[PDB]
Structure formats: C-alpha cells, structure tokens
>>> print(open('input_36.pdb').read())   # PDB, C-alpha atoms
ATOM      1  CA  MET E 648     -23.623  19.856  65.112
ATOM      2  CA  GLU E 649     -25.798  17.332  66.898
ATOM      3  CA  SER E 650     -28.504  17.675  64.290
ATOM      4  CA  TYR E 651     -26.023  17.109  61.498
ATOM      5  CA  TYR E 652     -24.731  14.011  63.272
ATOM      6  CA  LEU E 653     -28.158  12.531  63.792
ATOM      7  CA  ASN E 654     -29.555  13.593  60.465
ATOM      8  CA  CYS E 655     -26.745  13.395  57.922
ATOM      9  CA  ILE E 656     -24.471  10.633  59.263
ATOM     10  CA  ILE E 657     -26.600   8.111  61.131
ATOM     11  CA  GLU E 658     -30.082   8.477  59.693
ATOM     12  CA  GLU E 659     -29.145   8.377  56.021
ATOM     13  CA  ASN E 660     -27.166   5.185  56.548
ATOM     14  CA  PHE E 661     -29.946   3.565  58.568
ATOM     15  CA  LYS E 662     -32.423   4.387  55.837
ATOM     16  CA  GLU E 663     -30.183   2.730  53.271
ATOM     17  CA  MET E 664     -29.796  -0.363  55.440
ATOM     18  CA  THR E 665     -33.529  -0.759  55.944
ATOM     19  CA  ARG E 666     -34.153  -0.108  52.259
ATOM     20  CA  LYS E 667     -31.809  -2.897  51.188
ATOM     21  CA  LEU E 668     -33.057  -5.282  53.869
ATOM     22  CA  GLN E 669     -36.679  -4.426  53.059
ATOM     23  CA  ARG E 670     -36.688  -4.625  49.250
ATOM     24  CA  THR E 671     -37.097  -8.399  49.458
ATOM     25  CA  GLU E 672     -40.449  -8.018  51.251
ATOM     26  CA  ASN E 673     -42.603  -6.433  48.553
ATOM     27  CA  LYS E 674     -44.337  -7.717  45.446
ATOM     28  CA  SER E 675     -43.784  -6.034  42.131
ATOM     29  CA  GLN E 676     -45.236  -2.545  42.397
ATOM     30  CA  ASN E 677     -43.258  -1.970  39.207
ATOM     31  CA  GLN E 678     -42.225  -4.857  37.005
ATOM     32  CA  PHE E 679     -38.738  -3.299  36.606
ATOM     33  CA  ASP E 680     -36.377  -4.153  39.460
ATOM     34  CA  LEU E 681     -34.839  -0.711  39.277
ATOM     35  CA  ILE E 682     -32.020   1.043  41.121
ATOM     36  CA  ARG E 683     -31.788   4.796  41.694
ATOM     37  CA  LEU E 684     -28.284   6.158  42.242
ATOM     38  CA  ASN E 685     -26.577   9.206  43.706
ATOM     39  CA  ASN E 686     -25.468  10.392  40.245
ATOM     40  CA  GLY E 687     -28.854  10.002  38.556
ATOM     41  CA  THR E 688     -27.767   6.670  37.085
ATOM     42  CA  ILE E 689     -30.662   4.298  36.430
ATOM     43  CA  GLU E 690     -29.815   0.625  35.971
ATOM     44  CA  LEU E 691     -32.037  -2.434  35.574
ATOM     45  CA  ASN E 692     -30.494  -5.635  36.909
ATOM     46  CA  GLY E 693     -31.936  -9.094  36.577
ATOM     47  CA  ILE E 694     -33.171 -10.488  33.278
ATOM     48  CA  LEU E 695     -35.642  -8.638  31.108
ATOM     49  CA  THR E 696     -38.097 -11.481  31.273
ATOM     50  CA  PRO E 697     -40.547 -12.282  28.490
ATOM     51  CA  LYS E 698     -44.010 -10.813  29.003
ATOM     52  CA  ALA E 699     -45.560 -14.160  29.956
ATOM     53  CA  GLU E 700     -45.249 -15.277  26.346
ATOM     54  CA  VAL E 701     -46.411 -18.748  25.331
ATOM     55  CA  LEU E 702     -43.686 -19.519  22.790
ATOM     56  CA  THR E 703     -44.211 -23.298  22.536
ATOM     57  CA  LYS E 704     -46.818 -25.915  23.427
ATOM     58  CA  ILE E 715     -39.086 -16.902  42.897
ATOM     59  CA  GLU E 716     -37.091 -13.738  43.591
ATOM     60  CA  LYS E 717     -33.829 -12.868  45.326
ATOM     61  CA  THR E 718     -34.051 -12.856  49.104
ATOM     62  CA  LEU E 719     -31.081 -12.995  51.462
ATOM     63  CA  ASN E 720     -29.393 -15.785  53.399
ATOM     64  CA  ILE E 721     -27.665 -15.431  56.760
ATOM     65  CA  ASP E 722     -24.357 -14.132  55.430
ATOM     66  CA  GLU E 723     -26.069 -11.288  53.608
ATOM     67  CA  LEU E 724     -27.766 -10.282  56.852
ATOM     68  CA  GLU E 725     -24.561 -10.122  58.862
ATOM     69  CA  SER E 726     -22.826  -8.468  55.910
ATOM     70  CA  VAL E 727     -25.360  -5.679  55.554
ATOM     71  CA  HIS E 728     -25.465  -4.887  59.260
ATOM     72  CA  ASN E 729     -21.678  -4.680  59.368
ATOM     73  CA  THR E 730     -21.670  -2.462  56.283
ATOM     74  CA  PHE E 731     -24.084  -0.073  57.990
ATOM     75  CA  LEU E 732     -21.985   0.164  61.128
ATOM     76  CA  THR E 733     -18.587   0.521  59.504
ATOM     77  CA  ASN E 734     -19.815   3.065  56.969
ATOM     78  CA  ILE E 735     -21.029   5.097  59.908
ATOM     79  CA  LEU E 736     -17.611   4.866  61.527
ATOM     80  CA  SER E 737     -15.696   5.511  58.327
ATOM     81  CA  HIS E 738     -17.187   9.010  58.149
ATOM     82  CA  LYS E 739     -14.944  12.032  58.424
ATOM     83  CA  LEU E 740     -16.496  13.066  61.733
ATOM     84  CA  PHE E 741     -15.483   9.903  63.626
ATOM     85  CA  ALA E 742     -12.146   8.613  62.301
ATOM     86  CA  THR E 743      -9.203   8.750  64.705
ATOM     87  CA  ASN E 744      -6.346   6.357  63.943
ATOM     88  CA  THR E 745      -5.417   5.503  60.351
ATOM     89  CA  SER E 746      -3.280   6.983  57.643
ATOM     90  CA  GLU E 747      -6.587   8.420  56.381
TER      91      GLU E 747
ATOM     92  CA  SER O 276     -13.687 -36.009  13.963
ATOM     93  CA  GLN O 277     -16.770 -37.685  15.432
ATOM     94  CA  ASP O 278     -17.059 -35.670  18.631
ATOM     95  CA  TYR O 279     -15.507 -32.641  16.939
ATOM     96  CA  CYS O 280     -18.502 -32.672  14.624
ATOM     97  CA  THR O 281     -20.634 -33.206  17.712
ATOM     98  CA  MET O 282     -19.150 -30.057  19.245
ATOM     99  CA  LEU O 283     -19.636 -27.963  16.118
ATOM    100  CA  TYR O 284     -23.213 -29.130  15.569
ATOM    101  CA  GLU O 285     -24.006 -28.676  19.252
ATOM    102  CA  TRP O 286     -22.744 -25.112  19.083
ATOM    103  CA  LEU O 287     -24.657 -24.290  15.903
ATOM    104  CA  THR O 288     -27.872 -25.608  17.426
ATOM    105  CA  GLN O 289     -27.442 -24.542  21.059
ATOM    106  CA  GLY O 290     -24.662 -21.959  21.059
ATOM    107  CA  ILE O 291     -22.850 -24.006  23.720
ATOM    108  CA  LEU O 292     -19.072 -24.327  23.421
ATOM    109  CA  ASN O 293     -17.331 -27.041  25.456
ATOM    110  CA  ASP O 294     -13.621 -27.237  24.635
ATOM    111  CA  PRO O 295     -11.590 -28.399  27.643
ATOM    112  CA  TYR O 296      -8.530 -28.547  25.374
ATOM    113  CA  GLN O 297      -8.985 -25.111  23.750
ATOM    114  CA  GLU O 298      -9.085 -26.387  20.173
ATOM    115  CA  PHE O 299     -12.407 -24.973  18.940
ATOM    116  CA  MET O 300     -12.527 -22.084  16.511
ATOM    117  CA  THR O 301     -13.469 -19.264  18.914
ATOM    118  CA  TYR O 302     -13.481 -18.995  22.691
ATOM    119  CA  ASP O 303     -15.335 -17.023  25.311
ATOM    120  CA  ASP O 304     -14.387 -14.461  27.957
ATOM    121  CA  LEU O 305     -13.919 -15.312  31.658
ATOM    122  CA  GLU O 306     -10.303 -16.293  31.055
ATOM    123  CA  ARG O 318     -21.509  -9.771  34.715
ATOM    124  CA  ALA O 319     -21.434 -11.962  31.579
ATOM    125  CA  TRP O 320     -22.917  -9.107  29.592
ATOM    126  CA  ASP O 321     -20.190  -7.827  27.243
ATOM    127  CA  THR O 322     -19.718 -11.390  26.036
ATOM    128  CA  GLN O 323     -16.870 -10.383  23.752
ATOM    129  CA  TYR O 324     -15.659 -13.188  21.491
ATOM    130  CA  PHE O 325     -12.252 -13.680  19.907
ATOM    131  CA  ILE O 326     -11.053 -15.501  16.800
ATOM    132  CA  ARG O 327      -8.151 -17.909  17.106
ATOM    133  CA  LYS O 328      -7.306 -17.718  13.413
ATOM    134  CA  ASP O 329      -4.651 -20.406  13.866
ATOM    135  CA  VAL O 330      -7.272 -23.187  13.937
ATOM    136  CA  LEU O 331      -9.685 -22.045  11.203
ATOM    137  CA  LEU O 332     -10.186 -24.263   8.158
ATOM    138  CA  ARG O 333      -9.767 -21.365   5.730
ATOM    139  CA  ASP O 334      -7.425 -18.430   5.255
ATOM    140  CA  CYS O 335     -10.477 -16.204   5.966
ATOM    141  CA  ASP O 336      -8.960 -13.664   3.577
ATOM    142  CA  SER O 337     -11.649 -13.143   0.915
ATOM    143  CA  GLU O 338     -15.235 -12.093   1.479
ATOM    144  CA  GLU O 339     -16.959 -15.476   1.361
ATOM    145  CA  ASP O 340     -15.112 -17.327   4.120
ATOM    146  CA  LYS O 341     -15.301 -14.227   6.289
ATOM    147  CA  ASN O 342     -19.028 -14.248   5.589
ATOM    148  CA  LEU O 343     -19.252 -17.908   6.612
ATOM    149  CA  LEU O 344     -17.286 -17.363   9.814
ATOM    150  CA  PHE O 345     -19.288 -14.295  10.759
ATOM    151  CA  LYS O 346     -22.616 -16.017  10.147
ATOM    152  CA  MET O 347     -21.285 -18.789  12.374
ATOM    153  CA  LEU O 348     -20.457 -16.359  15.171
ATOM    154  CA  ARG O 349     -23.743 -14.495  14.895
ATOM    155  CA  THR O 350     -25.804 -17.690  14.915
ATOM    156  CA  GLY O 351     -24.053 -18.923  18.019
ATOM    157  CA  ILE O 352     -24.484 -15.623  19.815
ATOM    158  CA  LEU O 353     -28.167 -15.414  18.889
ATOM    159  CA  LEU O 354     -28.979 -18.838  20.273
ATOM    160  CA  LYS O 355     -26.882 -18.087  23.352
ATOM    161  CA  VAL O 356     -28.839 -14.944  24.147
ATOM    162  CA  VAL O 357     -32.097 -16.817  23.549
ATOM    163  CA  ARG O 358     -31.077 -19.332  26.200
ATOM    164  CA  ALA O 359     -29.909 -16.582  28.544
ATOM    165  CA  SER O 360     -33.199 -14.701  28.307
ATOM    166  CA  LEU O 361     -35.599 -17.634  28.548
ATOM    167  CA  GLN O 362     -33.775 -19.201  31.528
ATOM    168  CA  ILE O 363     -33.402 -22.615  29.895
ATOM    169  CA  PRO O 364     -30.028 -24.286  29.186
ATOM    170  CA  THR O 365     -31.383 -26.227  26.202
ATOM    171  CA  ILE O 366     -33.302 -25.304  23.056
ATOM    172  CA  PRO O 367     -36.176 -27.749  22.436
ATOM    173  CA  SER O 368     -36.140 -29.312  18.992
ATOM    174  CA  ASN O 369     -39.794 -28.665  18.109
ATOM    175  CA  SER O 370     -39.700 -24.889  18.557
ATOM    176  CA  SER O 371     -39.611 -24.374  14.778
ATOM    177  CA  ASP O 372     -40.031 -26.031  11.396
ATOM    178  CA  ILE O 373     -36.471 -25.982  10.044
ATOM    179  CA  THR O 374     -34.938 -29.247  11.269
ATOM    180  CA  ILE O 375     -31.176 -29.819  11.128
ATOM    181  CA  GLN O 376     -29.026 -32.963  11.174
ATOM    182  CA  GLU O 377     -25.514 -33.804  12.355
ATOM    183  CA  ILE O 378     -22.521 -33.875  10.021
ATOM    184  CA  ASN O 379     -22.724 -37.585   9.306
ATOM    185  CA  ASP O 380     -20.269 -37.430   6.380
ATOM    186  CA  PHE O 381     -17.808 -34.668   7.206
ATOM    187  CA  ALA O 382     -15.675 -35.767   4.261
ATOM    188  CA  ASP O 383     -17.823 -34.264   1.517
ATOM    189  CA  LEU O 384     -19.040 -31.381   3.692
ATOM    190  CA  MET O 385     -15.431 -30.206   3.950
ATOM    191  CA  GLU O 386     -15.056 -30.076   0.145
ATOM    192  CA  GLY O 387     -17.574 -27.270  -0.372
ATOM    193  CA  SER O 388     -20.947 -26.694  -2.026
ATOM    194  CA  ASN O 389     -22.572 -28.087   1.119
ATOM    195  CA  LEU O 390     -20.698 -26.363   3.945
ATOM    196  CA  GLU O 391     -22.361 -23.027   3.259
ATOM    197  CA  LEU O 392     -25.708 -24.730   2.680
ATOM    198  CA  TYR O 393     -25.575 -26.189   6.186
ATOM    199  CA  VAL O 394     -24.286 -22.899   7.597
ATOM    200  CA  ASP O 395     -27.040 -20.742   6.136
ATOM    201  CA  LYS O 396     -29.780 -23.244   6.862
ATOM    202  CA  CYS O 397     -28.751 -22.941  10.494
ATOM    203  CA  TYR O 398     -28.630 -19.170   9.954
ATOM    204  CA  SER O 399     -32.227 -19.232   8.744
ATOM    205  CA  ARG O 400     -33.223 -21.212  11.822
ATOM    206  CA  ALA O 401     -31.443 -18.713  14.059
ATOM    207  CA  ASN O 402     -33.012 -15.690  12.396
ATOM    208  CA  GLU O 403     -36.556 -17.027  12.455
ATOM    209  CA  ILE O 404     -36.478 -18.045  16.114
ATOM    210  CA  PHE O 405     -34.601 -14.897  17.181
ATOM    211  CA  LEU O 406     -36.981 -12.539  15.394
ATOM    212  CA  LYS O 407     -39.939 -14.424  16.818
ATOM    213  CA  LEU O 408     -38.322 -13.899  20.227
ATOM    214  CA  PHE O 409     -38.024 -10.114  19.978
ATOM    215  CA  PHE O 410     -41.278  -9.733  18.101
ATOM    216  CA  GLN O 411     -43.697 -11.775  20.160
ATOM    217  CA  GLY O 412     -42.130 -12.500  23.545
TER     218      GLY O 412
END
>>> encode(input="input_36.pdb", output="structure tokens")
Amino acid sequence: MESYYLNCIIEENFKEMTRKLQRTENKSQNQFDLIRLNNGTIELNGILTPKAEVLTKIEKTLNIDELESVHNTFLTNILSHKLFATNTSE
Amino acid sequence: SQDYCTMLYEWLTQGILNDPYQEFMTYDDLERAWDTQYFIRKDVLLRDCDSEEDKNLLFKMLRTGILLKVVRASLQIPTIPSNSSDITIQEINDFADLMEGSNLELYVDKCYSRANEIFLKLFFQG
C-alpha cells in the first residue's frame, strides 16, 4: 500500500505540478506548443503563427495568482483522492 | 447614413463590427473565440434575400468579413494596412445611387477580390 501511495497518488501529481510550473522555462524545442492528454488527445493552443513571413515592407509565463493557484491545485487534488477522503457526501 | 456607411465600409475593409445599438446586418457570438458562428438578423436586411443573387451578395459579404477577421486574428494586428495590396477601395460617398443597383454588387465583388487575393497570399506564402 505504501508504494501505491507514494507512487500513484503523490508522485504523479507532483510531476504534473512541476511540469506545468516548468514549461515556461524552456525555449522552443518544438515550434508547436503541444499538449498530450490522458485520452490520447493532441491539441495545439496558441496561434499558428506565420513562418517568419515578410508580407509587407514574448511567451506566456505566470503571475503570482497562477503560482498560488497551481500549488493549491496540487495539494487539493492529492486530498481529493479516494484513499484520503473522510467527510463529504462523496 | 454617414456613419452607417462608415460602419459598413469599415467592416468590409477590416472585418470589424461595432454596433452598440444592435442595428447592423449580422452580429457575433459572445452574447475560445474559435467557432465564431455568425447569425443573420433578416429583419434589417435591405433585400428579401429570397432569390439567388441577393443571397449571393449577402454571402460574399459574410465571407469577406470573416476572411479579413481571421487575417487579423492570425497576424496579431488589429488593423489591416492600406498598402498591403493593389486593389484600393473608397467609402460610399453617394449611398443614394449605390442603393439603386448596378453598383452595389460592383463594390461588393471588388472588395471580394481584395479579400481573396490577400487571403490566398496569406495561406500560400505566410
């Protein structure tokens, strides 16, 4: 049981939190700001920018609220798991 | 209809619709902005839109607006510079005769030509 706890509840969540908090750090190792999902869904957000076209003659990092938000999401999603909940209707 | 003509011309050459009284011919969603579905308020159109030709005119109108709108959305600029192309357009300085016919469609499809050339250049070179 311990292993499951520390390797299927906590660790997976912590990896997601660091992934989201870390994505802002890198430079484009692929020019497609891509998202990989749990259902195999692949979605490209942002604008498909022109390929540096000369027709005629800055990326998304996080403010303070996003930081507090993401940490709280990590914690609560740990404690909303079926192996911790005590006192709800759920 | 001075500023009404301003609104129509501004939409045909920038795809921007600004109707704080909800009088213009069509209106947007947001009553994310990806399925930018558009609706016809038939009650304000100048024509019965029953036969093929006025439907053609209206639909060319809608397409031209949407094309310029997506151009602006992709290039991250709120305005379309004048000198991007050769086909130059003017405002409806005498709406009186334009309303009669034989020039309405000429203006419409000249703007359509402008829209097509710039749009195709967008998805062919950029």
>>> residues_around(input="input_36.pdb", residues="region 678-691 of chain E", least_positions_apart="5", cutoff="12 Å", atoms="only C-alpha atoms", output="PyMOL selection string")
chain E and resi 663+666-667+670-671+673+696-698+716-717
>>> closest_residue(input="input_36.pdb", among="E:732, E:719, E:699, E:727", to="chain O", atoms="all atoms listed in the file")
E:699
>>> resolve_selection(input="input_36.pdb", expression="the PyMOL selection byres ((chain O) within 12 of (chain E))", output="ChimeraX atom specification")
/O:318-320,356-362,366-371,404-405,407-412
>>> closest_residue(input="input_36.pdb", among="O:292, O:278, O:331, O:349", to="residue 402 (chain O)", atoms="only C-alpha atoms")
O:349
>>> atom_distance(input="input_36.pdb", atom1="CA of residue 738 (chain E)", atom2="CA of residue 721 (chain E)")
26.6 Å
>>> closest_residue(input="input_36.pdb", among="O:298, O:341, O:390, O:348", to="residue 329 (chain O)", atoms="all atoms listed in the file")
O:298
>>> residues_around(input="input_36.pdb", residues="residue 297 (chain O)", least_positions_apart="5", cutoff="12 Å", atoms="only C-alpha atoms", output="number ranges by chain")
O: 292, 302-303, 306, 327, 329-330
>>> write_last_selection(input="input_36.pdb", atoms="C-alpha atoms", output="PDB file, keeping the file's coordinate frame")
ATOM      1  CA  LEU O 292     -19.072 -24.327  23.421  1.00  0.00           C
ATOM      2  CA  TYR O 302     -13.481 -18.995  22.691  1.00  0.00           C
ATOM      3  CA  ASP O 303     -15.335 -17.023  25.311  1.00  0.00           C
ATOM      4  CA  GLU O 306     -10.303 -16.293  31.055  1.00  0.00           C
ATOM      5  CA  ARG O 327      -8.151 -17.909  17.106  1.00  0.00           C
ATOM      6  CA  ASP O 329      -4.651 -20.406  13.866  1.00  0.00           C
ATOM      7  CA  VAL O 330      -7.272 -23.187  13.937  1.00  0.00           C
TER       8      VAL O 330
END
>>> resolve_selection(input="input_36.pdb", expression="the PyMOL selection byres ((chain O and resi 344) around 12)", output="PyMOL selection string")
chain O and resi 287+300-301+325-328+331-343+345-351+390-391+394-395+398
>>> atom_distance(input="input_36.pdb", atom1="CA of residue 377 (chain O)", atom2="CA of residue 295 (chain O)")
21.4 Å
>>> atom_distance(input="input_36.pdb", atom1="CA of residue 363 (chain O)", atom2="CA of residue 290 (chain O)")
12.4 Å
>>> resolve_selection(input="input_36.pdb", expression="the PyMOL selection byres ((chain E and resi 652) around 12)", output="ChimeraX atom specification")
/E:648-651,653-660,735-736,738-741
>>> axis_aligned_box(input="input_36.pdb", around="region 289-300 of chain O", padding_each_side="4 Å", output="lines of an AutoDock Vina configuration file")
center_x = -18.0
center_y = -25.3
center_z = 22.1
size_x = 26.9
size_y = 14.6
size_z = 19.1
>>> residues_around(input="input_36.pdb", residues="residue 379 (chain O)", least_positions_apart="5", cutoff="10 Å", atoms="all atoms listed in the file", output="list in words")
residues 277, 280, 281 and 384 of chain O
>>> closest_residue(input="input_36.pdb", among="O:392, O:375, O:352, O:385", to="residue 276 (chain O)", atoms="all atoms listed in the file")
O:385
>>> decode(input="input_36.pdb", residues="region 686-725 of chain E", atoms="N, CA, C and O atoms", output="PDB file, in the first residue's frame")
ATOM      1  N   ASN E 686      -6.246  10.786 -22.742  1.00  0.00           N
ATOM      2  CA  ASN E 686      -7.060  10.031 -23.682  1.00  0.00           C
ATOM      3  C   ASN E 686      -6.424   9.951 -25.064  1.00  0.00           C
ATOM      4  O   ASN E 686      -7.091   9.555 -26.022  1.00  0.00           O
ATOM      5  N   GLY E 687      -5.154  10.328 -25.192  1.00  0.00           N
ATOM      6  CA  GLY E 687      -4.507  10.406 -26.478  1.00  0.00           C
ATOM      7  C   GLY E 687      -4.810  11.666 -27.254  1.00  0.00           C
ATOM      8  O   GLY E 687      -4.270  11.843 -28.351  1.00  0.00           O
ATOM      9  N   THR E 688      -5.652  12.546 -26.718  1.00  0.00           N
ATOM     10  CA  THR E 688      -5.973  13.789 -27.399  1.00  0.00           C
ATOM     11  C   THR E 688      -4.731  14.654 -27.539  1.00  0.00           C
ATOM     12  O   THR E 688      -3.946  14.801 -26.601  1.00  0.00           O
ATOM     13  N   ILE E 689      -4.551  15.218 -28.728  1.00  0.00           N
ATOM     14  CA  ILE E 689      -3.455  16.129 -29.021  1.00  0.00           C
ATOM     15  C   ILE E 689      -4.054  17.443 -29.492  1.00  0.00           C
ATOM     16  O   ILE E 689      -4.766  17.477 -30.500  1.00  0.00           O
ATOM     17  N   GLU E 690      -3.766  18.519 -28.768  1.00  0.00           N
ATOM     18  CA  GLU E 690      -4.322  19.825 -29.081  1.00  0.00           C
ATOM     19  C   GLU E 690      -3.214  20.865 -29.103  1.00  0.00           C
ATOM     20  O   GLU E 690      -2.332  20.864 -28.241  1.00  0.00           O
ATOM     21  N   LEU E 691      -3.267  21.752 -30.089  1.00  0.00           N
ATOM     22  CA  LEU E 691      -2.322  22.856 -30.205  1.00  0.00           C
ATOM     23  C   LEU E 691      -3.041  24.154 -29.859  1.00  0.00           C
ATOM     24  O   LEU E 691      -3.906  24.615 -30.606  1.00  0.00           O
ATOM     25  N   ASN E 692      -2.675  24.749 -28.727  1.00  0.00           N
ATOM     26  CA  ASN E 692      -3.199  26.049 -28.349  1.00  0.00           C
ATOM     27  C   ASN E 692      -2.231  27.152 -28.770  1.00  0.00           C
ATOM     28  O   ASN E 692      -1.129  26.899 -29.264  1.00  0.00           O
ATOM     29  N   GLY E 693      -2.640  28.397 -28.555  1.00  0.00           N
ATOM     30  CA  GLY E 693      -1.892  29.491 -29.124  1.00  0.00           C
ATOM     31  C   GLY E 693      -2.265  29.644 -30.588  1.00  0.00           C
ATOM     32  O   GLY E 693      -3.088  28.909 -31.135  1.00  0.00           O
ATOM     33  N   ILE E 694      -1.626  30.611 -31.233  1.00  0.00           N
ATOM     34  CA  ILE E 694      -1.903  30.944 -32.623  1.00  0.00           C
ATOM     35  C   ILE E 694      -0.893  30.203 -33.482  1.00  0.00           C
ATOM     36  O   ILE E 694       0.301  30.181 -33.161  1.00  0.00           O
ATOM     37  N   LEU E 695      -1.356  29.601 -34.566  1.00  0.00           N
ATOM     38  CA  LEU E 695      -0.431  29.106 -35.571  1.00  0.00           C
ATOM     39  C   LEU E 695       0.189  30.318 -36.242  1.00  0.00           C
ATOM     40  O   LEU E 695      -0.413  30.912 -37.139  1.00  0.00           O
ATOM     41  N   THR E 696       1.357  30.684 -35.803  1.00  0.00           N
ATOM     42  CA  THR E 696       1.985  31.903 -36.260  1.00  0.00           C
ATOM     43  C   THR E 696       2.509  31.732 -37.672  1.00  0.00           C
ATOM     44  O   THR E 696       2.814  30.618 -38.105  1.00  0.00           O
ATOM     45  N   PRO E 697       2.619  32.817 -38.428  1.00  0.00           N
ATOM     46  CA  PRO E 697       3.279  32.731 -39.729  1.00  0.00           C
ATOM     47  C   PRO E 697       4.739  32.352 -39.555  1.00  0.00           C
ATOM     48  O   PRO E 697       5.369  32.660 -38.542  1.00  0.00           O
ATOM     49  N   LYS E 698       5.273  31.665 -40.562  1.00  0.00           N
ATOM     50  CA  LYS E 698       6.656  31.193 -40.531  1.00  0.00           C
ATOM     51  C   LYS E 698       7.603  32.336 -40.910  1.00  0.00           C
ATOM     52  O   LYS E 698       8.297  32.324 -41.929  1.00  0.00           O
ATOM     53  N   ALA E 699       7.620  33.347 -40.036  1.00  0.00           N
ATOM     54  CA  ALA E 699       8.526  34.490 -40.150  1.00  0.00           C
ATOM     55  C   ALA E 699       8.411  35.150 -41.519  1.00  0.00           C
ATOM     56  O   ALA E 699       9.396  35.617 -42.094  1.00  0.00           O
ATOM     57  N   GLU E 700       7.196  35.183 -42.047  1.00  0.00           N
ATOM     58  CA  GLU E 700       6.956  35.699 -43.382  1.00  0.00           C
ATOM     59  C   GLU E 700       7.050  37.218 -43.398  1.00  0.00           C
ATOM     60  O   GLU E 700       6.553  37.897 -42.497  1.00  0.00           O
ATOM     61  N   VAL E 701       7.703  37.742 -44.428  1.00  0.00           N
ATOM     62  CA  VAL E 701       7.754  39.174 -44.692  1.00  0.00           C
ATOM     63  C   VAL E 701       6.647  39.484 -45.690  1.00  0.00           C
ATOM     64  O   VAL E 701       6.870  39.463 -46.904  1.00  0.00           O
ATOM     65  N   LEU E 702       5.445  39.766 -45.181  1.00  0.00           N
ATOM     66  CA  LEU E 702       4.313  40.051 -46.058  1.00  0.00           C
ATOM     67  C   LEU E 702       4.403  41.431 -46.698  1.00  0.00           C
ATOM     68  O   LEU E 702       4.113  41.573 -47.890  1.00  0.00           O
ATOM     69  N   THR E 703       4.791  42.454 -45.937  1.00  0.00           N
ATOM     70  CA  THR E 703       4.802  43.826 -46.424  1.00  0.00           C
ATOM     71  C   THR E 703       6.090  44.522 -46.011  1.00  0.00           C
ATOM     72  O   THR E 703       6.752  44.139 -45.043  1.00  0.00           O
ATOM     73  N   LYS E 704       6.427  45.570 -46.758  1.00  0.00           N
ATOM     74  CA  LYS E 704       7.616  46.377 -46.495  1.00  0.00           C
ATOM     75  C   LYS E 704       7.256  47.828 -46.195  1.00  0.00           C
ATOM     76  O   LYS E 704       8.114  48.710 -46.228  1.00  0.00           O
ATOM     77  N   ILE E 715       8.507  36.856 -26.413  1.00  0.00           N
ATOM     78  CA  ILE E 715       7.248  37.025 -25.699  1.00  0.00           C
ATOM     79  C   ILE E 715       6.429  35.741 -25.715  1.00  0.00           C
ATOM     80  O   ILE E 715       5.871  35.359 -26.745  1.00  0.00           O
ATOM     81  N   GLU E 716       6.366  35.078 -24.563  1.00  0.00           N
ATOM     82  CA  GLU E 716       5.564  33.878 -24.381  1.00  0.00           C
ATOM     83  C   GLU E 716       4.875  33.956 -23.026  1.00  0.00           C
ATOM     84  O   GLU E 716       5.088  34.899 -22.261  1.00  0.00           O
ATOM     85  N   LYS E 717       4.045  32.956 -22.736  1.00  0.00           N
ATOM     86  CA  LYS E 717       3.132  33.021 -21.595  1.00  0.00           C
ATOM     87  C   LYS E 717       3.788  32.415 -20.360  1.00  0.00           C
ATOM     88  O   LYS E 717       3.861  31.199 -20.181  1.00  0.00           O
ATOM     89  N   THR E 718       4.277  33.291 -19.491  1.00  0.00           N
ATOM     90  CA  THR E 718       4.707  32.913 -18.156  1.00  0.00           C
ATOM     91  C   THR E 718       3.630  33.317 -17.149  1.00  0.00           C
ATOM     92  O   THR E 718       2.606  33.900 -17.504  1.00  0.00           O
ATOM     93  N   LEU E 719       3.854  32.993 -15.880  1.00  0.00           N
ATOM     94  CA  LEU E 719       2.797  33.044 -14.880  1.00  0.00           C
ATOM     95  C   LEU E 719       3.047  34.123 -13.838  1.00  0.00           C
ATOM     96  O   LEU E 719       4.168  34.313 -13.365  1.00  0.00           O
ATOM     97  N   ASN E 720       1.973  34.804 -13.458  1.00  0.00           N
ATOM     98  CA  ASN E 720       1.993  35.814 -12.416  1.00  0.00           C
ATOM     99  C   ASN E 720       1.884  35.144 -11.054  1.00  0.00           C
ATOM    100  O   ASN E 720       2.028  33.931 -10.921  1.00  0.00           O
ATOM    101  N   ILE E 721       1.625  35.947 -10.021  1.00  0.00           N
ATOM    102  CA  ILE E 721       1.592  35.407  -8.664  1.00  0.00           C
ATOM    103  C   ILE E 721       0.375  34.513  -8.462  1.00  0.00           C
ATOM    104  O   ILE E 721       0.472  33.413  -7.886  1.00  0.00           O
ATOM    105  N   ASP E 722      -0.784  34.960  -8.939  1.00  0.00           N
ATOM    106  CA  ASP E 722      -2.003  34.196  -8.725  1.00  0.00           C
ATOM    107  C   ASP E 722      -1.912  32.814  -9.348  1.00  0.00           C
ATOM    108  O   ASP E 722      -2.400  31.839  -8.770  1.00  0.00           O
ATOM    109  N   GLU E 723      -1.296  32.698 -10.519  1.00  0.00           N
ATOM    110  CA  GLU E 723      -1.136  31.369 -11.090  1.00  0.00           C
ATOM    111  C   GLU E 723      -0.269  30.489 -10.208  1.00  0.00           C
ATOM    112  O   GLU E 723      -0.539  29.294 -10.081  1.00  0.00           O
ATOM    113  N   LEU E 724       0.756  31.054  -9.583  1.00  0.00           N
ATOM    114  CA  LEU E 724       1.595  30.257  -8.700  1.00  0.00           C
ATOM    115  C   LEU E 724       0.801  29.716  -7.518  1.00  0.00           C
ATOM    116  O   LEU E 724       0.807  28.499  -7.253  1.00  0.00           O
ATOM    117  N   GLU E 725       0.103  30.594  -6.803  1.00  0.00           N
ATOM    118  CA  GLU E 725      -0.667  30.101  -5.668  1.00  0.00           C
ATOM    119  C   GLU E 725      -1.736  29.124  -6.133  1.00  0.00           C
ATOM    120  O   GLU E 725      -1.981  28.095  -5.486  1.00  0.00           O
TER     121      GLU E 725
END
